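What follows is one chain in structure tokens, specifically the form deposited in one PDB entry.
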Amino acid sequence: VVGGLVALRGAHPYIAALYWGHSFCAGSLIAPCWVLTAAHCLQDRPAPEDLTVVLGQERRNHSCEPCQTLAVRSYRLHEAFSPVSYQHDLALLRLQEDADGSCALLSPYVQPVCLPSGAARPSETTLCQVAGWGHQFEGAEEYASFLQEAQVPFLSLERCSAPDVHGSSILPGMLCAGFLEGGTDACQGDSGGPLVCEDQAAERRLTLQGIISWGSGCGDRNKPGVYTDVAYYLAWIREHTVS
């Protein structure tokens, strides 16, 4: 994340860290046994046994005291996902339950994030938070150690699909957030991570409305980050989550 600061330990209980082989991705706990991430992180289709999910983590790849490590029972990429356009860039991870039949062991540092309403009409007005362990700048040598978070405004599709910004590239199922003047954005290694935005309707007032997907550069002017519109896939999430 560029233009962001370190996030406090209790700030992000829903964020998930995904490890396998030499790769890394983030994700969001949407239910005690379910993690929502980006499909392009798994386009290589690595075996589930290889996969490791760590919840309640603050420092990337560091063991910690409320850290919980879980195996992945199975995962599902969206059927219509394109590795070229990154359309439908979302995937479900089914966590492996233990002997007690529990997956995630909920605590103040490990909690699921509320799914979005979707029925609400989002103005540019909506403010969001983006989080990740990715690069802090485009040229950055290494991923961040501490979790970085940044405040970004939601951006309308009509403005987004504009020629000046992203133009034709934006497709249904996609949403944008950030400042056209740039400065604050998601960055490579942030993929799969959460975009939590304000929902005044909701009782929790904050819902997962985006999955970090793609973009051009970090924080470049007129090039806001592109996310998967979680609200667009509620039926799909309901359908395969229920499994």
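Numbers for residues come from their place in the sequence shown, where the first is 1. Shifts are known only where both forms have a C-alpha. Heads up, when I say rigid core I mean the largest set of C-alphas that superpose within 1.5 Å between the two forms.
Heads up, the form deposited in another entry isn't pictured, but that's what we're talking about next.
task: Can you spot, among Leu180, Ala31, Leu206, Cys67, the one with a CA shift of 2 Å or more between the shown form and the other one after core superposition?
output: So the only displaced C-alpha belongs to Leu206.
- request: Please say whether the CA atoms of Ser102 and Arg204 come closer or move farther apart in that other deposited form, knowing the change relative to this form is 3 Å or more.
  value: Compared with this form, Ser102 and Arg204 lie farther apart in that other deposited form.
field: Cα separation of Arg204 and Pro32 in that other deposited form versus here, shift of 3 Å or more
entry: Result: farther.
- prompt: Looking only at residues found in both forms, which runs of 3 or more have C-alpha shifts of at least 2 Å between the shown form and the other one after a core fit?
  reply: Moving stretch: 198-206 alone.
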